[PDB]
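A.B. asks: Kindly generate the corresponding structure for this input.
(chains A, B, C and D)
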Number of protein chains: 4
Amino acid sequence: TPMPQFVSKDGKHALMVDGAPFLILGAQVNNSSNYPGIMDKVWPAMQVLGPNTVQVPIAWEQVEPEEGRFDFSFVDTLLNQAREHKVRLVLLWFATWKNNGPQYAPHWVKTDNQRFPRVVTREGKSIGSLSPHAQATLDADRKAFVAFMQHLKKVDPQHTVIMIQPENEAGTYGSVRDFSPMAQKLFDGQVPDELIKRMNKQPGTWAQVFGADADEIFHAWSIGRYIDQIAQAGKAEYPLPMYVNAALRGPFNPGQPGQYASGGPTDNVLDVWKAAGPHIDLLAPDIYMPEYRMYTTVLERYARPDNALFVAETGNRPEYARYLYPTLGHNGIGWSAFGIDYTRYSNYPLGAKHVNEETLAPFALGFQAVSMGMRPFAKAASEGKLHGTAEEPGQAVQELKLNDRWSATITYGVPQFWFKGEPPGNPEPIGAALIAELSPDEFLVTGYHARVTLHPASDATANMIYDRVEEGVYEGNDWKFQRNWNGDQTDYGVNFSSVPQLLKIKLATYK
Amino acid sequence: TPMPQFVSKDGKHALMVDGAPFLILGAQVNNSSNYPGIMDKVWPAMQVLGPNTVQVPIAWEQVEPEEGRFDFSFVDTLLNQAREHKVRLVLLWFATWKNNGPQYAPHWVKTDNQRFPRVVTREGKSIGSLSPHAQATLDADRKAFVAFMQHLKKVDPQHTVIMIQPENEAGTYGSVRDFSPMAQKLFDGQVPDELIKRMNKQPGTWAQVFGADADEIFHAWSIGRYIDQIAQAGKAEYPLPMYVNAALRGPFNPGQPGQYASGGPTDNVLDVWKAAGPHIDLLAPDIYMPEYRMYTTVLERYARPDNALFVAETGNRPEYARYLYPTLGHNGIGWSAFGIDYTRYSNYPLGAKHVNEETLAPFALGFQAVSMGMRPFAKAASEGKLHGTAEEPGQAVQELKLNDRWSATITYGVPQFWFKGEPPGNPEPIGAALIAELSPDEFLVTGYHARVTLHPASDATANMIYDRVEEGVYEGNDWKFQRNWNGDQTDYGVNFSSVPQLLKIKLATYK
Amino acid sequence: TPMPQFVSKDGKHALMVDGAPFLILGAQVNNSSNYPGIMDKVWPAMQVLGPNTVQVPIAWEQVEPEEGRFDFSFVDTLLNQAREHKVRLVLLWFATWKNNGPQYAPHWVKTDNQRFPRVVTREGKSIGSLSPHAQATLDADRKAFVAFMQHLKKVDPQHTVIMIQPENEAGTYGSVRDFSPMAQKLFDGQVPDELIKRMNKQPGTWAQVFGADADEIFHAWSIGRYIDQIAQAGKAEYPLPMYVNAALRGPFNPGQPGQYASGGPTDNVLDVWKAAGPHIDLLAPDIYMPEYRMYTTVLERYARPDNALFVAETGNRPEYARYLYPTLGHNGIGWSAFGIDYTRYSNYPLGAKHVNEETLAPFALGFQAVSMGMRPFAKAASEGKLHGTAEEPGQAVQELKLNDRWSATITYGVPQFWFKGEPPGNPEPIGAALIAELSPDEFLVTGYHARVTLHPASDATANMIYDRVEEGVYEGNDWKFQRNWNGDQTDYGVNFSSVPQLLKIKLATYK
Amino acid sequence: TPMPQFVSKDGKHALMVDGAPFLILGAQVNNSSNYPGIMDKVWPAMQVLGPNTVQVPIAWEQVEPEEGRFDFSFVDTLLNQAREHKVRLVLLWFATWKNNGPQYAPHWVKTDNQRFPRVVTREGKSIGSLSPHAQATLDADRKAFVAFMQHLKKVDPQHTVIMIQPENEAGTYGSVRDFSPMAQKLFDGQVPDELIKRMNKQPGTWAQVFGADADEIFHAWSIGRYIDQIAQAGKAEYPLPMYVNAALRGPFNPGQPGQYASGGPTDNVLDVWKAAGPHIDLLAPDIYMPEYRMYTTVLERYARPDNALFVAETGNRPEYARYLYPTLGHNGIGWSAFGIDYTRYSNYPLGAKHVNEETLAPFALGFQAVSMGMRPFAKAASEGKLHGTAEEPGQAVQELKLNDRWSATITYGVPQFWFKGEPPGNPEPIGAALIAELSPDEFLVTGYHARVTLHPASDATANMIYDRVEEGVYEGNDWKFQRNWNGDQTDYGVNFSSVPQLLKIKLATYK
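C.D. replies: Residues are numbered from 1 along each chain as shown, chains lettered A, B, ... in the order given. Sure, the structure comes next:
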């Protein structure tokens, strides 16, 4: 039975799970929800949200508490629980970097600054981030990761785990790079030929080749090479797809490297990370920018022909929920919300002050609607045929171009009937829509707090007819019909409110 | 066992069901609630509202999806469900016209503008309404309707179905008539002698005879003849009563024909429709005019000596509920509310934003009260002896003339006791009353949010005595006594609030 | 086993029930709650209120619907239900007068103005009140009442029924007396010697003897003689205690006789009614005057050495509940609230807009507290040893004189602890207290929303000691101890809130 | 099995219960909740609050109602109930003084001012407080207390009762001392040599030695000697630890002795009470001063090297709950809240208007958190290693000095994440924290509505590492691990909200 795998060719991408494209509808537990005694506050929240994939930390300190003495008992417990609760897993390897720092490395690592040295600032101060240049730290992380991947292969032939995230938001706060002598000797050397080629530059030293950006590009390359070697060695044991996640710099008015985590896969060093990381399948943004223009711009920059869009983390405040459909609209591999458990922790002001059934309901709506047709939606994404949009404040109408024949008007905050006047939008921005092209004249359509009005895009389709507007669900790939919408229910577009409904709409023209 | 039948003589009317007059307390599901997979969101709402009759679409596209290949399986399912849930059915034939358009005609009809042509505007544009002049469209609709009536006769000897509505709001938006050559050849001809007689006019062409109104009267006659031939052929197979429903034009400031649906049974062409439709039992208004003066004027215009009043549709917003009793007061055959299911569709702003137990309670109150004496109420209506009224904003008192001996004062928003000052009315208009004359000195009385004070109408009855004020219910026609109201409960009229109560009041005089 | 009986000597009174004094904690159903089919809306309300005595109409129209054809089946049903629900009964004979009118007399009475004539005004108009002067009406009422009392004796040896109320608010609206010739012949005659004696006047005609008040005194005497003869004949069959109830005239600014019900036992003709009614045990006020000064003045006027105070009716709005204890403080026989059922009738503005568990809770509190010591409370009342008071708006302190040794300060709206400043009173007037003197130094004390502070009334008791402050209840006459209040619970008086608590307080002095 | 015992040496103290230090998390029932018939309104409240120790009055009037006739049946019942409900008991001997007065002494005491004389004012008036100088009153109280201690020893080998409180707030209101001749003869004599030594003064009379404070110091010494002799005699029978409780005088602006209870253990006569009371283990404040500066100053004054801090009573209004942790921070023996039952009594304005699950929740939070590590917390207190603090209005940050190596910053009203700007504090003051030093680099930490940020206190610990931040609970002394907090949960201190959580935090430094 085929194991999970990431494919990408000519800018079309698929996460293949059980032999077909898959879309991650993800939930990530909080950072300290990775022990047997706390899982009873994880699963009741997942039951409410209904993700198809759960992200859980696997901490280096817990799997190798003493060097050479491995303990994967929590991985085993977690696989049983995920199988019982019918979710797939994405495991997060909290090791050399977690939010730039060594806090999840074991005692014998993070207390030993001699064997495992920290970044040194230009002024000579050690700071809370391990240097990518130390061979001992790479060796020890990679050895632990290799034991981890070997264990996974032995106990997960069911393929419950579909991806691995090596490290978590690697990079450095408080310095653009390491300035230790160890670092300076490498920085003074020649830029590796692989990076010279990919960057369209002439050979030379780091300062010669990259100028004012040499410090930041050097640090990104060195972190990338570090994680790539870990990815390559772990894949040699069990070749699950692997991705790294990015602490973002501001898309419009970024600060200086070091204010944001320098060296991480920020939007200015994506080609460096690509060159450095051939064994890393994608670079995934962690988006905690709730403002529409910022969020959607991050989506556009990380969705590249060489980079499948996966939103590995985003906020759990309700205004975030609507960003699922525009993410899927970039035809990547999915979207995950962060902080989904009942441990009473809150990452406000990034996310919600409390996680409960009310705060989860806007997310569960989208997860239920996509799950009603997940495999066809994922087939569409893998062919580049998924369209998605979310409501922007002060803009009550959007236009989606679908193909030569049809377009869709998206209108927010209107009745499900004729109305007089300009569309007002919803009082808060909460609407969204998602449209899959199955064939030129047939679409899968869902939305919430929104009207979707399909209309001709050319003179050939001016004589538009609703042939069928079928409500139903999919069982795997088999369509289960419930009813044909007609009359009032199609006279004013098709109108969605607060319940999950999937429509398979076949259009015709009269002749 | 006698089948349902409509009788009318000298301006008195009855819908005979199971051998006696019947009054429809109706509920209509939304337009796309006509498939097996959605009926579990219909019946729980009917359980709350408690109609005695449910209206459900029977779509041409679903019973003849391919020409000649009939499928009445949903009709069969629906008859079983109506029998289990103890309601009668009125079936709506969604075919050549539904809200003026062909959207419920099958694929092989509504995509074939050659065989089944659309109305052509004066400027040459085909628009979304099938021409009444095409023989193929009439033939195909009638053939489907005949198969439908034949099936009904075979599977409904219980007579669950009591009426059929051929077509739904036939007429045309965007043109006063068809201007195609096919239409013009008929328009240029002589007005049929049947219409010339009924309209008190001299023979001639359509333009000669009817002048400025020729276009609209021609279209109404041609639609009427179309549906009448379908009614006649269907009745030849199974002679259930049949009615058509009207999309109204404004009673006071109507627009132009084509702004409102031209050719439908609007209030200016009722004699045309009568002349054209001898096999159509009545013309029924669909009233979505919530303002008192408009609603009640529509009632008066459609209640004619040659037209039994049936309100086939009205709004499901709570202010509409009170219009049941004035409708029954015209001594027709009943009243039905539109959009009664839990599918989460809303036709706001015509109706309510949500359908739930709260929004249905004002309707259920009236349906429960009338059902407590439905057969005697319907016997009264068939003798012209039913009186009914609803509260008008800014008018806290109304006077009902009952007969030579007695009248009833209706007072809104007062205590059930002595009060000082002018009656204030209810804060919102919600009151109503219904009074049946059983014999000169005995009345059935119910109401809500209202006081009913019977008082002498002549010097012969000045010495008024409450002989009996019996609360109870009817089992069929047998009166079941609960108690005699007296004392406080009759000193200030008889006072109704929010619970269904039927009173049988016998008056006397002391001597 | 002794039957119920009213005793009164030297201004001390007792309703003896089962051989000992009894205090009525009464509830009266609404006027049309006197049929088997409505009793399921009576008993659930009594379960909440918990009266010890229920008042129910027994209508002449229902027990003699045709002359000579008696039907006491409802009396039988009602006795079974009262025994099952553990209440005593007071039966109300709705006959010649109910609120001045004949509406509860049978068909063959109230429609026959010839045999049973109405009062004639000075101008010659018959009005809605039967003349006390017609021998046929007296004969027919008395005959029905005699059949009623005979039936009671046969089917009620349990003595469920403890009193009878002949007629209901007898009197006349719209005329001071009857002016018919039948009436004038009697009015022109001599004042009966019995009334001449009791009124301390010299013999003469009605106009000579009574002057400007002759009309009103004549009507009161004639109604009184009418009901007295009915009482005497009914008592000859079964000598239950009997009382009449009064529709009050204003205590301070009364209107004219005829505006209020002339001839009823109003506060100006109590000596007339005493003289006329030796077989009527007491004259009971019906108090719907919610203002403190009016309510308590009515109490004082009807509590006479020759008249035991029984409040036969009062309002069911919550502000009325507190008037129970000052009524008991006049050492009569009890107090009853009117309109206690769930039939959805309201006599607002006299009483509450709705009867439910919230509106009944302030009454149930008092009924529960008195029931916790009802027989000792009733023994105290029969010895004149009960003291009671209710809160007056704007007066947060009252002083009750108990005996030579002790007094009680009643304070409203204070904490159950030390407080600074003037007592504020409760926000609405809701407090009350009730104190029985068991012996010179021992008292039964209860209250609600109030503090009771016992304190010395003389120099002999200056050295006051709380010997015992026992919370408990009585079983019949046997005291069941729960706890001794001390400390905080007695440092600031004894403080009552919203739960029923009976305290048996023994005082001492240190020496 | 060792019985409870109080140990104190060189300013470190422990209440030894079952052989190890113990911390009282106490609840006291109201003053009249000391009878079998009211205990069903005590235990349901204790179930909600969850104290480990309940204080209950044992009244002299109830155990010796007649002289020589002892009745300890309630003590027996109460021991059974405390064992069933799993709490320890502290019994309060309500005898010669309760809130200065004799109200709980038996009838034959408090009514006999001859045998048991009251304090006489300077003007000759007897007032409500028994004189400490009468030998009969001492003899009779001591005899009753000796019978009580003998009974306890016989029926409590389980050691359910851990301390006894002889008398309750002894002292006098309305006079600084007794001025009777009996008192004056003693006052005129020489100051006992024991008091002369302890007060660092020269021999002489009371007026010579103490001057303006002679009256108050004389009264405190005489009350102290009275209770000490009772303590000594009771301990001779069963040597349970014993304490007296104090009605406080204002810490900053005290009134005159007699306005506050003169002679009680107020903050100016603590050395007198120590000298007079060698058999009294500690002097405990009763703190009903809700203002932060007053409450915490009282704590400081009563926590002395010769006086273990026990807060025997405090308010049950929610603002009081947070004072538990600063009390424990003085390394005494515990803290108890007053008025914890459902009898519907309120000592507002000292405490809450109602006791229910809402008003108890802020207290239950602290009791649950301390109970999760009660024995280690009590071991820490006995070594002087407990630190505790509560939030002060207008101060959102506090600093706790722990040892040479570490300190803790306490921040109130902040998110559990990074925030911009000055800490706002909670809207009402509700935060607190409690920190036990287990060893130099390991701490037990709990709090609520607060952030605790451990940080270096010296250059030696500048390179701080969170080695482990373990959430769990203790079973007795055995630690039960749940999870290791890391990541978000430790990046911004450790953050507590509204649920009980105990963290065992081991700190390291990197090298």
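
A.B. asks: for the stretch 251-400 of chain A, what spans make up the strands?
C.D. replies: All strands of the stretch 251-400 of chain A, identified by DSSP state E, counting those that start in this stretch, fall at A:282-287, A:310-311, A:313-314, A:334-338, A:386-390, A:397-401.

A.B. asks: list the contacts for the residue in the stretch 151-300 of chain A positioned nearest to chain C?
C.D. replies: Using CB to the nearest CB, the single residue of the stretch 151-300 of chain A nearest to chain C is residue A:290, 45.6 Å away. Backbone N, C-alpha and C define where each C-beta goes, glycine included. Taking CB atoms under 8 Å, 6 or more residues apart in numbering or on different chains as the contact definition, residue A:290 lies against A:315, A:317, A:319, A:320.

A.B. asks: For chain D, give me its nearest residue in the stretch 401-511 of chain A.
C.D. replies: Taking CB to the nearest CB as the measure, the stretch 401-511 of chain A has residue A:428 as its residue closest to chain D, at 21.9 Å.

A.B. asks: Count the residues that sit near the closest residue to that residue other than its chain neighbours.
C.D. replies: Setting aside the residues directly before and after it, residue A:428 is nearest to residue A:319 in space (CB to CB, 6 or more residues apart in numbering or on different chains), at 7.1 Å. The number of residues packed around residue A:319, counting by other CB atoms under 10 Å in any protein chain shown, is 18.

A.B. asks: Can you tell me which of the strands of the stretch 251-400 of chain A is most buried?
C.D. replies: The densest packing among these, expressed as mean neighbour count by mean count of other CB atoms under 10 Å in any protein chain shown, is seen in strand A:310-311 with a mean of 30.

A.B. asks: packing partners for that strand?
C.D. replies: Strand A:310-311 makes packing contacts with strand A:282-287, strand A:334-338 when contacts are defined by 3 or more CB pairs under 8 Å, 6 or more residues apart in numbering or on different chains; DSSP states H and E.

A.B. asks: For the nearest residue to residue A:12 once chain neighbours are set aside, what are phi and psi?
C.D. replies: Of all residues not flanking residue A:12 in the chain, residue A:384 sits nearest, at 5.3 Å (CB to CB, 6+ apart). Here is the backbone geometry of residue A:384 (degrees, to the nearest 10): phi 70, psi 30.

A.B. asks: residues touching residue A:384, list them.
C.D. replies: Going by CB under 8 Å, 6+ apart, residue A:384 touches A:11, A:12, A:331.

A.B. asks: quick one, what contacts the last one?
C.D. replies: Residue A:331 sits next to A:12, A:13, A:303, A:309, A:380, A:381, A:382, A:384, A:385, A:386 when contact means CB under 8 Å, 6+ apart.

A.B. asks: ok, the nearest residue to residue A:128 once chain neighbours are set aside to residue D:488 distance?
C.D. replies: Beyond its immediate neighbours in the sequence, the residue positioned closest to residue A:128 (CB to CB, 6+ apart) is residue A:101, lying 4.8 Å away. With the distance defined as CB to CB, to the nearest Å, residue A:101 ends up 12 Å from residue D:488.

A.B. asks: For the contacts of residue A:290, work out which two are farthest apart.
C.D. replies: Comparing every pair within those by CB to CB identifies A:315 and A:319 as the most remote, at 7.8 Å.

A.B. asks: So chain A: which segments form each domain?
C.D. replies: A:1-371, A:372-511 (curated CATH domains).

A.B. asks: Output those as JSON lines; include the columns distance to residue D:202.
C.D. replies: As requested, the domains of chain A are arranged in JSON lines below (distance: least, CB to CB, whole Å):
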{"stretch": "domain A:1-371", "distance to residue D:202": "65"}
{"stretch": "domain A:372-511", "distance to residue D:202": "82"}
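
A.B. asks: Could you say which of those is packed most deeply?
C.D. replies: When you average the neighbours per residue for each of those (mean count of other CB under 10 Å), domain A:1-371 leads with a mean of 20.

A.B. asks: Any idea how far apart the tips of that domain sit?
C.D. replies: For domain A:1-371, the first and last residues are 23 Å from each other (CA to CA, to the nearest Å).

A.B. asks: Helices of the stretch 151-300 of chain A, start to end?
C.D. replies: Secondary structure of the stretch 151-300 of chain A by DSSP state H, counting those that start in this stretch: the helices cover A:181-188, A:193-198, A:206-210, A:214-237, A:270-276, A:292-302.

A.B. asks: Identify whichever of these lies nearest to residue D:37.
C.D. replies: If you check each of these against residue D:37 by CB to CB, helix A:292-302 wins as the nearest, at 66.4 Å.

A.B. asks: Chain D contacts on the stretch 301-450 of chain A?
C.D. replies: Listed as neighbours of chain D in the stretch 301-450 of chain A under the rule CB under 8 Å from any CB of the partner chain: A:344, A:345, A:346, A:347, A:348, A:349, A:350.
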